[PDB]
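Structure file input-v6.txt with compact mmCIF, C-alpha atoms:
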```
# COMPACT_ATOMS: atom_id res chain seq x y z
CA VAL W 1 -0.65 -18.07 -9.10
CA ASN W 2 -0.98 -14.79 -7.21
CA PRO W 3 2.08 -12.54 -7.64
CA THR W 4 4.41 -11.55 -4.81
CA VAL W 5 6.08 -8.14 -4.53
CA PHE W 6 8.61 -6.73 -2.07
CA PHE W 7 9.42 -3.35 -0.52
CA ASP W 8 12.86 -2.69 0.96
CA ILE W 9 12.19 -0.08 3.67
CA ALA W 10 14.63 2.55 4.92
CA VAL W 11 14.44 4.97 7.86
CA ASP W 12 16.19 8.29 7.14
CA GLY W 13 18.14 6.36 4.52
CA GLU W 14 19.21 3.54 6.88
CA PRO W 15 18.00 0.08 5.82
CA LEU W 16 15.32 -1.37 8.09
CA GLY W 17 14.12 -4.54 6.38
CA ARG W 18 11.92 -6.10 3.72
CA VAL W 19 8.11 -6.39 3.52
CA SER W 20 6.60 -8.79 0.99
CA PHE W 21 2.98 -8.98 -0.14
CA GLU W 22 0.74 -11.53 -1.80
CA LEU W 23 -1.49 -9.76 -4.34
CA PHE W 24 -4.95 -11.31 -4.74
CA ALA W 25 -5.02 -11.30 -8.54
CA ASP W 26 -7.42 -14.26 -8.40
CA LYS W 27 -10.10 -11.96 -6.90
CA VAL W 28 -9.13 -8.40 -7.94
CA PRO W 29 -6.93 -8.80 -11.05
CA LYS W 30 -7.10 -5.17 -12.21
CA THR W 31 -6.24 -3.73 -8.79
CA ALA W 32 -3.51 -6.31 -8.19
CA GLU W 33 -1.90 -5.63 -11.58
CA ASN W 34 -1.74 -1.89 -10.86
CA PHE W 35 0.15 -2.40 -7.59
CA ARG W 36 2.38 -5.08 -9.17
CA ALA W 37 3.39 -2.88 -12.11
CA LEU W 38 3.98 0.17 -9.89
CA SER W 39 6.23 -2.03 -7.72
CA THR W 40 8.36 -3.16 -10.68
CA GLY W 41 8.42 0.29 -12.29
CA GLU W 42 7.93 -1.35 -15.68
CA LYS W 43 5.62 1.42 -16.95
CA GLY W 44 8.31 4.04 -16.28
CA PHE W 45 6.93 5.23 -12.93
CA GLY W 46 6.04 3.68 -9.62
CA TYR W 47 6.82 3.28 -5.96
CA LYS W 48 10.62 3.11 -5.84
CA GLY W 49 11.91 6.06 -3.82
CA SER W 50 8.49 7.08 -2.47
CA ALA W 51 7.62 7.30 1.22
CA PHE W 52 5.03 6.25 3.75
CA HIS W 53 3.75 9.78 4.31
CA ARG W 54 0.95 8.94 6.79
CA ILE W 55 1.47 6.43 9.62
CA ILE W 56 -1.06 6.17 12.46
CA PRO W 57 -0.09 3.67 15.20
CA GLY W 58 -2.90 1.24 15.89
CA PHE W 59 -4.51 1.92 12.51
CA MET W 60 -2.45 1.76 9.30
CA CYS W 61 0.59 2.84 7.26
CA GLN W 62 -0.21 4.74 4.05
CA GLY W 63 2.05 5.33 1.04
CA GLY W 64 2.16 5.36 -2.75
CA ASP W 65 1.98 9.11 -3.47
CA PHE W 66 4.89 9.39 -5.87
CA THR W 67 3.70 12.61 -7.59
CA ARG W 68 2.95 14.93 -4.65
CA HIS W 69 4.58 13.02 -1.73
CA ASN W 70 1.93 13.99 0.82
CA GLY W 71 -1.33 12.12 0.11
CA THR W 72 -2.79 14.44 -2.55
CA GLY W 73 -1.25 12.79 -5.63
CA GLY W 74 -0.44 9.49 -7.33
CA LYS W 75 -1.75 7.85 -10.48
CA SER W 76 -2.60 4.35 -11.66
CA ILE W 77 -1.28 2.47 -14.69
CA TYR W 78 -4.73 2.96 -16.26
CA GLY W 79 -4.92 6.74 -15.95
CA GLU W 80 -5.23 9.15 -13.08
CA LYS W 81 -7.97 7.13 -11.37
CA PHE W 82 -9.85 3.87 -11.85
CA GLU W 83 -13.03 2.32 -10.49
CA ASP W 84 -13.55 0.26 -7.35
CA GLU W 85 -13.12 -3.21 -8.85
CA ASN W 86 -15.12 -5.07 -6.19
CA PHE W 87 -15.44 -5.43 -2.43
CA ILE W 88 -15.20 -9.22 -2.20
CA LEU W 89 -12.34 -9.14 0.32
CA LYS W 90 -12.64 -7.59 3.78
CA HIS W 91 -10.36 -5.74 6.20
CA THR W 92 -9.95 -8.69 8.53
CA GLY W 93 -6.91 -7.69 10.60
CA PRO W 94 -3.28 -6.58 10.55
CA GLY W 95 -1.37 -6.98 7.31
CA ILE W 96 -4.29 -6.29 4.95
CA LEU W 97 -3.25 -4.28 1.87
CA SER W 98 -6.00 -1.98 0.61
CA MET W 99 -6.45 0.97 -1.76
CA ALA W 100 -6.56 4.52 -0.45
CA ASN W 101 -9.08 6.75 -2.14
CA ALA W 102 -10.86 10.11 -2.11
CA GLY W 103 -14.42 8.93 -2.73
CA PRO W 104 -16.11 6.28 -4.86
CA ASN W 105 -14.11 5.11 -7.89
CA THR W 106 -10.99 7.25 -7.30
CA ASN W 107 -8.25 4.63 -6.97
CA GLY W 108 -4.84 5.79 -8.10
CA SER W 109 -1.55 4.57 -6.62
CA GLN W 110 -1.94 5.25 -2.90
CA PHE W 111 -2.44 2.24 -0.62
CA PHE W 112 -2.37 1.38 3.06
CA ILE W 113 -1.20 -1.54 5.18
CA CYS W 114 -3.50 -2.23 8.13
CA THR W 115 -1.96 -2.68 11.57
CA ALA W 116 -5.35 -3.51 13.12
CA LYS W 117 -8.77 -4.74 12.03
CA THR W 118 -10.52 -1.93 10.15
CA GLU W 119 -13.89 -3.48 9.35
CA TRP W 120 -15.61 -0.10 8.89
CA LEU W 121 -13.64 0.28 5.64
CA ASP W 122 -15.34 -2.82 4.19
CA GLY W 123 -17.17 -1.89 1.01
CA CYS W 124 -15.40 1.51 0.86
CA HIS W 125 -11.79 0.54 0.13
CA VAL W 126 -10.73 -2.25 -2.23
CA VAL W 127 -8.73 -4.96 -0.43
CA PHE W 128 -6.26 -6.54 -2.84
CA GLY W 129 -3.39 -8.14 -0.91
CA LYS W 130 -1.81 -9.04 2.39
CA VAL W 131 1.59 -8.94 4.06
CA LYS W 132 3.38 -12.28 3.56
CA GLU W 133 6.78 -11.72 5.18
CA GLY W 134 7.99 -8.84 7.31
CA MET W 135 4.96 -7.82 9.35
CA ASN W 136 7.60 -7.20 12.04
CA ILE W 137 9.10 -4.58 9.69
CA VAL W 138 5.67 -2.93 9.31
CA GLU W 139 5.35 -2.86 13.10
CA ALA W 140 8.75 -1.17 13.33
CA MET W 141 7.64 1.41 10.76
CA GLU W 142 4.53 2.06 12.84
CA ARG W 143 6.62 3.43 15.71
CA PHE W 144 7.68 6.42 13.59
CA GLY W 145 4.07 7.56 13.13
CA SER W 146 1.84 9.70 15.29
CA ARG W 147 -1.82 10.44 16.03
CA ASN W 148 -2.18 12.82 13.07
CA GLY W 149 -0.10 10.57 10.81
CA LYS W 150 3.01 12.75 10.49
CA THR W 151 6.20 10.68 10.66
CA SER W 152 9.16 11.49 12.91
CA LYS W 153 11.66 10.08 10.40
CA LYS W 154 11.41 9.62 6.65
CA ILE W 155 10.11 6.11 5.88
CA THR W 156 11.02 5.27 2.29
CA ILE W 157 10.66 2.44 -0.20
CA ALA W 158 14.37 2.23 -0.99
CA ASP W 159 13.78 -0.59 -3.49
CA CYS W 160 10.83 -2.64 -4.70
CA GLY W 161 9.98 -5.26 -7.27
CA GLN W 162 8.44 -8.64 -7.93
CA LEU W 163 9.63 -11.93 -6.41
CA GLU W 164 9.47 -15.51 -7.69
```

What would the structure in this file look like if it were written as structure tokens?
Amino acid sequence: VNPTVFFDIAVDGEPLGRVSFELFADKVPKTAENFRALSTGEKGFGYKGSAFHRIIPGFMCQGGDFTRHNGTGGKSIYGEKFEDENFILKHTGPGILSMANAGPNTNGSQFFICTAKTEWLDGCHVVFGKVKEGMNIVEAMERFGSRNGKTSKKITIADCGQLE
């Protein structure tokens, strides 16, 4: 009964493809619901139109900063930040969807998609979902990143929402 959400990705405005995610509401319901609601925009704000501002090949793609567009902003549906719900799920390999943060209990809206196993983030970042379809689209996004994370073209969430 886990929800599924989609991102339609564009590269400098040109459509690239769709990434879908299973959200592990059965294990992290509060964290899953935040990402789900931000993907539908049903609270009046969310991910549509925002970018993947930090992409590091061989590591991860990070996005979700829809207030400052550079990794310093974002907010959750619960307030500016919320607690680390739990660390039941681990960063087991590519496709893992996990919360970005700035220290303990500072989850907002920013998230990252792993493109490799990042086990050293276990117990520091809350894992709450995984890529279902379109990992090939994530891999194509990865090629526009760089060592320091700056992107060579603008990688945007042109549309997003909930499936099923």

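Checking W:135, W:119, W:59, W:50 one by one against residue 71 of chain W, counting all atoms listed in the file, you find the shortest gap at W:50.
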
Checklist entry - Restricting the calculation to all atoms listed in the file, which member of W:164, W:133, W:8, W:85 is positioned closest to residue 28 of chain W? => result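 Closest residue, counting all atoms listed in the file: W:85.
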
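Taking only C-alpha atoms into account, residue 101 of chain W lies nearest to W:82 out of the set W:24, W:144, W:82, W:120.
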
Next on the checklist: Here is a test: counting only C-alpha atoms, which residue of W:115, W:109, W:39, W:98 is nearest to residue 142 of chain W?
Outcome noted: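 Between W:115, W:109, W:39, W:98, the residue approaching residue 142 of chain W most closely is W:115.
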
Checklist entry - To one decimal place, how far is atom CA of residue 46 of chain W from atom CA of residue 116 of chain W in Å? => result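 Atom CA of residue 46 of chain W sits 26.4 Å away from atom CA of residue 116 of chain W.
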
Checklist entry - For the point (-14.9, -13.0, -0.1) in file coordinates, what residues are within 12 Å, counting all atoms listed in the file? Give the answer as a PyMOL selection string? => result chain W and resi 24+26-28+86-92+122-123+126-128

Item to check | Contacts of residue 146 of chain W at 12 Å (all atoms listed in the file; same-chain gap of 5+ positions) as an NGL selection string | outcome: :W and (53-61 or 141 or 151-153)

Selection from above, C-alpha atoms, as an mmCIF file, in the coordinates of the input, can you write it?
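After the write, result_33.cif holds the following:
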```cif
data_model
loop_
_atom_site.group_PDB
_atom_site.id
_atom_site.type_symbol
_atom_site.label_atom_id
_atom_site.label_comp_id
_atom_site.auth_asym_id
_atom_site.auth_seq_id
_atom_site.Cartn_x
_atom_site.Cartn_y
_atom_site.Cartn_z
ATOM 1 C CA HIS W 53 3.750 9.780 4.310
ATOM 2 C CA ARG W 54 0.950 8.940 6.790
ATOM 3 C CA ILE W 55 1.470 6.430 9.620
ATOM 4 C CA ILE W 56 -1.060 6.170 12.460
ATOM 5 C CA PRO W 57 -0.090 3.670 15.200
ATOM 6 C CA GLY W 58 -2.900 1.240 15.890
ATOM 7 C CA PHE W 59 -4.510 1.920 12.510
ATOM 8 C CA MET W 60 -2.450 1.760 9.300
ATOM 9 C CA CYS W 61 0.590 2.840 7.260
ATOM 10 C CA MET W 141 7.640 1.410 10.760
ATOM 11 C CA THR W 151 6.200 10.680 10.660
ATOM 12 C CA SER W 152 9.160 11.490 12.910
ATOM 13 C CA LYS W 153 11.660 10.080 10.400
#
```

Checklist entry - With only C-alpha atoms as the basis for distance, which of W:156, W:76, W:148, W:62 is at the shortest distance from residue 97 of chain W? => result W:62

Checklist entry - Could you tell me, as a list in words, which residues have any atom at most 8 Å from (8.2, -1.0, -9.5), counting only C-alpha atoms? => result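 Here is the list of nearby residues: residues 36, 37, 38, 39, 40, 41, 42, 45, 46, 47, 48, 160, 161 and 162 of chain W.
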
Next on the checklist: Just the number, please: distance in Å from atom CA of residue 136 of chain W to atom CA of residue 52 of chain W, one decimal.
Outcome noted: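 Atom CA of residue 52 of chain W lies 16.0 Å from atom CA of residue 136 of chain W.
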
Item to check | Straight-line distance linking atom CA of residue 143 of chain W with atom CA of residue 106 of chain W, stated in Å to one decimal | outcome: 29.2 Å

Next on the checklist: Applying 8 Å and all atoms listed in the file, which residues near residue 23 of chain W remain after dropping the ones on its own chain fewer than 5 positions away? List them as an MDAnalysis selection string.
Outcome noted: chainID W and resid 2:5 32 36 128:130

I need the residues from that last selection saved to file as an mmCIF file, keeping the file's coordinate frame (with C-alpha atoms), if you can.
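Writing the result to result34.cif gives the following:
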```
data_model
loop_
_atom_site.group_PDB
_atom_site.id
_atom_site.type_symbol
_atom_site.label_atom_id
_atom_site.label_comp_id
_atom_site.auth_asym_id
_atom_site.auth_seq_id
_atom_site.Cartn_x
_atom_site.Cartn_y
_atom_site.Cartn_z
ATOM 1 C CA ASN W 2 -0.980 -14.790 -7.210
ATOM 2 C CA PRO W 3 2.080 -12.540 -7.640
ATOM 3 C CA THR W 4 4.410 -11.550 -4.810
ATOM 4 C CA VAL W 5 6.080 -8.140 -4.530
ATOM 5 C CA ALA W 32 -3.510 -6.310 -8.190
ATOM 6 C CA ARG W 36 2.380 -5.080 -9.170
ATOM 7 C CA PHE W 128 -6.260 -6.540 -2.840
ATOM 8 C CA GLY W 129 -3.390 -8.140 -0.910
ATOM 9 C CA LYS W 130 -1.810 -9.040 2.390
#
```

Checklist entry - Of the residues W:145, W:138, W:29, W:105, which is the one nearest to residue 9 of chain W, using all atoms listed in the file? => result W:138

Find the residues around segment 12-17 of chain W up to 7 Å (all atoms listed in the file counted), leave out those fewer than 5 positions away in its own chain, and share them as a PDB file with C-alpha atoms, in the coordinates of the input.
```pdb
ATOM      1  CA  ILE W 137       9.100  -4.580   9.690  1.00  0.00           C
ATOM      2  CA  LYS W 153      11.660  10.080  10.400  1.00  0.00           C
ATOM      3  CA  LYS W 154      11.410   9.620   6.650  1.00  0.00           C
ATOM      4  CA  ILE W 155      10.110   6.110   5.880  1.00  0.00           C
TER       5      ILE W 155
END
```

Distance query residue 107 of chain W at most 9 Å, only C-alpha atoms, self and fewer than 2 positions along chain excluded, as a JSON list (two decimals) with C-alpha atoms, keeping the file's coordinate frame:
```json
[["chain", "number", "residue", "atom", "x", "y", "z"],
["W", 31, "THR", "CA", -6.24, -3.73, -8.79],
["W", 75, "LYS", "CA", -1.75, 7.85, -10.48],
["W", 76, "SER", "CA", -2.60, 4.35, -11.66],
["W", 80, "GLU", "CA", -5.23, 9.15, -13.08],
["W", 81, "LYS", "CA", -7.97, 7.13, -11.37],
["W", 82, "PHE", "CA", -9.85, 3.87, -11.85],
["W", 83, "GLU", "CA", -13.03, 2.32, -10.49],
["W", 84, "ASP", "CA", -13.55, 0.26, -7.35],
["W", 99, "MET", "CA", -6.45, 0.97, -1.76],
["W", 100, "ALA", "CA", -6.56, 4.52, -0.45],
["W", 101, "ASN", "CA", -9.08, 6.75, -2.14],
["W", 102, "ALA", "CA", -10.86, 10.11, -2.11],
["W", 103, "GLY", "CA", -14.42, 8.93, -2.73],
["W", 104, "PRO", "CA", -16.11, 6.28, -4.86],
["W", 105, "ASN", "CA", -14.11, 5.11, -7.89],
["W", 109, "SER", "CA", -1.55, 4.57, -6.62],
["W", 110, "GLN", "CA", -1.94, 5.25, -2.90],
["W", 111, "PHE", "CA", -2.44, 2.24, -0.62],
["W", 125, "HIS", "CA", -11.79, 0.54, 0.13],
["W", 126, "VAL", "CA", -10.73, -2.25, -2.23]]
```

Item to check | Spatial neighbours of residue 131 of chain W, max dist 6 Å, all atoms listed in the file, sep filter under 4 positions, as a PyMOL selection string | outcome: chain W and resi 20-21+95

Would you save the residues of that selection, restricted to C-alpha atoms, as a compact mmCIF listing (two decimals), in the frame of the given file?
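Okay, result.txt is ready:
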```txt
# COMPACT_ATOMS: atom_id res chain seq x y z
CA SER W 20 6.60 -8.79 0.99
CA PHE W 21 2.98 -8.98 -0.14
CA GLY W 95 -1.37 -6.98 7.31
```
